[PDB]
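Chemist: Requesting a structural model of the entry that follows:
(chains A, B, C, D, E and F)
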Amino acid sequence: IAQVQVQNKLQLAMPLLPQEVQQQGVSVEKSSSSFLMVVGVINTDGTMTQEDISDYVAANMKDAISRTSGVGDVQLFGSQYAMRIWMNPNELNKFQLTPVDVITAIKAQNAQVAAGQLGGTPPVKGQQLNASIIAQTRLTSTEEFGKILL
Amino acid sequence: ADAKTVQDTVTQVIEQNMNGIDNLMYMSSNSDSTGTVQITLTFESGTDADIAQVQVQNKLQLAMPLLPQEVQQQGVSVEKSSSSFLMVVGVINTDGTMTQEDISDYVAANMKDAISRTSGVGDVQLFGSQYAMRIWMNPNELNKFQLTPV
Amino acid sequence: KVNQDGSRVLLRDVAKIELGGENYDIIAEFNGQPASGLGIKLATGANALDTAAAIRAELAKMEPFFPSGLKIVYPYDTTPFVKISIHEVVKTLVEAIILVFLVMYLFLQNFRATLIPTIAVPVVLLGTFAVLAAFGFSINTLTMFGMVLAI
Amino acid sequence: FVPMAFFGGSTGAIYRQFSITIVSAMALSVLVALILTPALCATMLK
Amino acid sequence: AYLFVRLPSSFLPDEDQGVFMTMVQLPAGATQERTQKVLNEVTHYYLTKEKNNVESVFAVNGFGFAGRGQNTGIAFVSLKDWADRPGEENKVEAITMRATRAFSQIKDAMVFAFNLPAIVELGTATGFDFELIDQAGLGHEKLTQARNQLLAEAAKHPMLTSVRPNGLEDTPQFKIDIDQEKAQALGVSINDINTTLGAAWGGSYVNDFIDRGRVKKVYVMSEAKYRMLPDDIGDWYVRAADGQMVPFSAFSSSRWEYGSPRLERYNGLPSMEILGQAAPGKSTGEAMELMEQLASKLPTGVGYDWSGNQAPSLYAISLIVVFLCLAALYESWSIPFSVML
Amino acid sequence: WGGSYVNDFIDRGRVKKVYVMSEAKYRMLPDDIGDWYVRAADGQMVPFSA
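Modeler: Numbers count the residues shown, from 1 in each chain, chains lettered A, B, ... in the order given. What follows is the structure:
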């Protein structure tokens, strides 16, 4: 009940936080200032960078444990992957472009859009086919982000 | 939204931000092409549903800020499942006839708003839908005037 | 918008405007006749019978202001079963008493002696109910068969 | 009764209620068969 | 022993509650009309050939139990008070029997009927709810494949069984490719392109408005006769920087694909539910075991997950409280055995 | 210099983030502030140091 309270007033605060923050990570847990089960993971055979692992663990284990038997708070020593796009001043300029363009370009060529469906909710008497319409789809591979037309 | 979109645009966001809830057996997810997801969490027998609900829905608050704006402004709920109805008060008309939509509205605008609050009614189902200002566009006309839905 | 010749372009010209359903996905038909009702669902830990009782209690004040024709009907319901279950079980209780009474008389000629048993279990059953509540338990289907049985 | 009364899983109150309800009825019928029955049986039987 | 070993087990008895129901599940792609037709026949089977039983029906199109969609459709029944139903045929059991048969014969879809299990939604014994999880990064396709292979083997060699998927039919979908290039060339903004393809075919929640007091919604979509067939995609034109309309087909492109109308995920992982009942000869435990050893043969990345077992211990506890109590008043180590027989 | 959370993207099933920052060799020393130029109304770049 304590947690419920201390975090339902935060809800009254959220609407007044930098949008960057609001979309970022906001949490409210039960402190314990002390770990215990520290399942460290490494690799022997098919070697994989100390980042290649971090990701894996945080994408098959951490998502779980962070929910298993009242686990107050799970710590991920590292970080899960992410589509990283390291910009380059010169290039951007050598083409007359600013990060803003890179961002806007991404938030345009990388996003899923909702489209109705053949045989709309209220059809016309006699409609025999009802198929859902697929629109844009979030990219997947790195190559795809490379082919982002700026 | 289609089965694909919602599955990893409204669903996955929640699921991931869904962890660290005292007591919990599992978490099933259904992403209907109807553009409607419905995650369910079953807690150990005996767990006070009141506090349980509070939890499972105060982490969602940590997810909300990361959901399609269309969704955020749409319907988001967190109740106590019961996979079974009981009192099914069906309504019809005899004298002053009124379409099977003219009724739906009425019920959902004098009764449903109530019952959905009366004596711990877990969840009320409205077989139909309340009215709404419907504006059915017409391609030609819009074009015959150089205009888009926007 | 307004075209060159000051000709106004009202939405009324580019789209058919009408007050209609918010969602045309489900249509309910009560006996081939158009309709729509309220499919109530309980909440994890509801009092069911208590709820449904109130469902009709709340939906009771709406009846006085319904429009011409708008009437109510009760499809798929439970109540009748809960009530019938009680009435039946309780009935068996009575029958059990009247029977043990005879089987008592046919062995204890004394119409006076054949009264203790008949007055024994009553005080016992009531006590059970009193104890059940003392544990939060209620008149459940099981908690009842136990009575009839224990009788 | 009481032993098996140790319900479990979903069959909790299931076997529980039945068992206890009868056991409660027991002690009751017992006390009655030690207070009411005896007294009544004594007070007037013949 | 024999009369106790061969005596079948069951949780709680399923009985007539004067109220049963039947669900309809048209094929893949079925329309609100197609399904409504099936519902009618169903509704009247009870309305005409069951008057001595049925007191009322409540058909609902588009509201299935598996989920939502023009494919499904439920129908609440309500039989006349038990009294008016003498014959053992007028009881849910019989009624629902001939009922299920009738539909199975004069239908082109899937219609059934079932007595409301007075028990609980869960816990029915002699049955199972298998779950096929996608442990590895396998795709929905690969997962679907495994499911087929699993249900296959199971059926391949049923002491039998009875397995089937949860409901993921997987119907065709209409994919629309918006060439960003041509769009950014013809002078049309992607935003406008989508918002129009959306608001048009899927409508959109604009703003709110007050209606006779209460505040309701305001939607903007489009007449159906302009969003029924894929050919209609053309009817919609978008504005352009050069203040001129543009054929949607100028930056458009289309092609039908195959997607599942329902994506299931068990514990944050893509999964697929497999509802199967224990063999007709064997039982739950036996079945499940001889079920797990099957799923344990699917390709890498494909995993799985899901009286009373307490009796053996409960009575055991009784095998103590008894012998002990049978001494607190019968001390002698003799009496404690007498009644024991 | 501090990157930013742009949008999300699906990676081998799971949905992950999408960040936009910059190579380090262009954000290690204060002198690098110049390397970055901003656009202008008059469709022309501008030295950040302007």
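Chemist: what about the most centrally placed residue in chain B, distance to residue A:26?
Modeler: Closest residue to the average C-alpha location of chain B: residue B:75 at 4.9 Å, with Cα atoms, centre = their mean. In this structure, residue B:75 and residue A:26 are 22 Å apart, going by Cβ to Cβ, to the nearest Å. In short, each C-beta sits where N, CA and C put it, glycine included.
Chemist: Not counting its neighbours along the chain, what's nearest residue A:7?
Modeler: residue A:28 (3.6 Å; Cβ to Cβ, 6 or more residues apart in numbering or on different chains).
Chemist: and the one you found, that's in a strand?
Modeler: No: counting by DSSP: H, G, I helix; E, B strand; the rest coil, residue A:28 is not part of a strand but coil.
Chemist: Would you mind confirming that it is in contact with residue A:8?
Modeler: No: assessed by Cβ atoms under 8 Å, residue A:28 is found out of contact with residue A:8, at 9.1 Å.
Chemist: quick one, which of those two is more surrounded?
Modeler: residue A:28 (17 against 13; other Cβ atoms under 10 Å in any protein chain shown).
Chemist: need the contact list for that one.
Modeler: Under the criterion of Cβ atoms under 8 Å, 6 or more residues apart in numbering or on different chains, the neighbours of residue A:28 are A:3, A:6-7, A:10, B:58, B:62.
Chemist: now, which of those residues sits nearest residue C:50?
Modeler: residue B:58 (28.4 Å; Cβ to Cβ).
Chemist: What is the burial count for the residue nearest to the closest one when sequence neighbours are not counted?
Modeler: The shortest distance from residue B:58 to any non-neighbouring residue, by Cβ to Cβ, 6+ apart, is to residue A:7 (5.8 Å). When neighbours are counted by other Cβ under 10 Å, residue A:7 registers 18.
Chemist: Helix or strand for the closest residue to chain C within chain A, just tell me which one.
Modeler: Using Cβ to the nearest Cβ, the single residue of chain A nearest to chain C is residue A:122, 4.0 Å away. For residue A:122, there is no helix or strand it lies in under DSSP states H and E.
Chemist: Return the residues in contact with it.
Modeler: Contacts of residue A:122 by Cβ under 8 Å, 6+ apart are C:21, C:24, E:224.
Chemist: what pairs with the first one across the strands?
Modeler: I take that to be residue C:21. Residues in a beta bridge with residue C:21, per DSSP bridges, are residue B:131.
Chemist: Return the residues in contact with it.
Modeler: Per Cβ under 8 Å, 6+ apart, neighbours of residue C:21: A:122, B:101, B:104-105, B:128-132, B:134.
Chemist: picking that back up, how much space separates the residue nearest to residue B:58 from residue E:173?
Modeler: Distance from residue A:7 to residue E:173, by Cβ to Cβ: 40 Å.
Chemist: where exactly do the strands run in the chain?
Modeler: Let's take chain A. A:82-85, A:117-118, A:131-134 (DSSP state E).
Chemist: my bad, the chain I had in mind was chain C
Modeler: With DSSP E as the criterion, chain C has strands at C:2-3, C:7-8, C:15-21, C:27-30, C:33-41, C:70-73.
Chemist: Partner strands of the second one and their direction?
Modeler: Looking at strand C:7-8 with DSSP bridges, its paired strands and their directions are strand C:2-3 (antiparallel).
Chemist: ok, and what's touching the strand it pairs with?
Modeler: Here strand C:2-3 makes contact (Cβ under 8 Å, 6+ apart) with B:145, C:8-9.
Chemist: Longest helix in the chain, please.
Modeler: Here I'm looking at chain A. helix A:99-109 (DSSP state H).
Chemist: right idea, wrong chain: chain D
Modeler: Determined from DSSP H, the single longest helix within chain D is helix D:12-32.
Chemist: So which other helices or strands are in contact with that helix?
Modeler: In this structure, helix D:12-32 packs against helix C:116-133, helix C:141-150, with contacts taken as 3 or more Cβ pairs under 8 Å, 6 or more residues apart in numbering or on different chains; DSSP states H and E.
Chemist: mind running it again at 10 Å?
Modeler: Taking 3 or more Cβ pairs under 10 Å, 6 or more residues apart in numbering or on different chains; DSSP states H and E as contact, the helices and strands that helix D:12-32 lies on are helix C:116-133, helix C:141-150, helix D:36-43, helix E:311-328.
Chemist: wait, does the second one contact chain B?
Modeler: What that stands for is helix C:141-150. No: between helix C:141-150 and chain B, judged by Cβ under 10 Å from any Cβ of the partner chain, nothing touches; the nearest distance is 15.4 Å.
Chemist: Just the angle for that helix relative to helix D:12-32, thanks.
Modeler: Put simply, helix C:141-150 runs at 40 degrees to helix D:12-32, going by axes from the mean of the first three to the mean of the last three Cα atoms, to 10 degrees.
Chemist: Can you tell me which helices and strands helix C:141-150 packs against?
Modeler: Counting contacts by 3+ Cβ pairs under 10 Å, 6+ apart, helix C:141-150 packs against helix C:79-105, helix C:116-133, helix D:12-32.
Chemist: Same question for the first one.
Modeler: Here helix C:116-133 is seen to pack against helix C:79-105, helix C:141-150, helix D:12-32, helix D:36-43 when contacts are counted using 3+ Cβ pairs under 10 Å, 6+ apart.
Chemist: Alpha carbons of it, as CSV, please.
Modeler: Extracted in CSV, the C-alpha atoms of helix C:116-133 (Å, rounded to 0.1, in the frame of the first residue of the first chain):
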residue,chain,number,x,y,z
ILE,C,116,-35.3,-35.2,21.9
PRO,C,117,-33.7,-36.2,18.6
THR,C,118,-36.2,-34.0,16.7
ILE,C,119,-35.1,-31.1,18.9
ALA,C,120,-31.4,-32.2,19.0
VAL,C,121,-30.1,-31.5,15.5
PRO,C,122,-31.9,-28.2,15.1
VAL,C,123,-29.8,-26.6,17.8
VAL,C,124,-26.8,-28.3,16.2
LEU,C,125,-27.4,-27.1,12.6
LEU,C,126,-28.1,-23.5,13.7
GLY,C,127,-24.8,-23.7,15.6
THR,C,128,-23.0,-24.7,12.4
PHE,C,129,-24.3,-21.7,10.5
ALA,C,130,-23.3,-19.6,13.5
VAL,C,131,-19.8,-21.2,13.4
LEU,C,132,-19.5,-20.9,9.6
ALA,C,133,-20.1,-17.1,9.8
